[PDB]
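Let's start with one chain on its own, the form deposited in one PDB entry, as structure tokens.
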């Protein structure tokens, strides 16, 4: 019984150039069924954002999902010039 997308969910804007949208999205991860494995950042304002949206690997997401791991989004992994 997969939950459709009637109400809100992870269909948001992980970034300013996000493309994740059920209108044309699908379960890419092998551990997922029909939803983007969003990730939480730990830099000042922790937020939620898709993983593939930042050119990430499915394995790294699994490893980072082990529990204890300083996970960092893409816009806060190497802040310096922009």
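Residue numbers count along the first chain shown, from 1.
The same protein also exists as the form solved in complex with a partner chain; that form is not shown, yet it is the one meant from here on.
J.: Within a 4.5 Å heavy atom cut-off, is residue 53 in contact with the partner chain in the deposited bound form?
T.: Because no heavy atom of residue 53 falls inside 4.5 Å of the partner chain in the deposited bound form, the answer is no.
J.: Would residue 69 sit within 4.5 Å of the partner chain in the deposited bound form, counting heavy atoms only?
T.: Residue 69: contacts the partner chain in the deposited bound form.
J.: May I ask you to state whether residue 64 is within 4.5 Å of the partner chain in the deposited bound form, using heavy atom distances?
T.: It does: once the partner chain is placed as it appears in the deposited bound form, residue 64 has a heavy atom within 4.5 Å of it.
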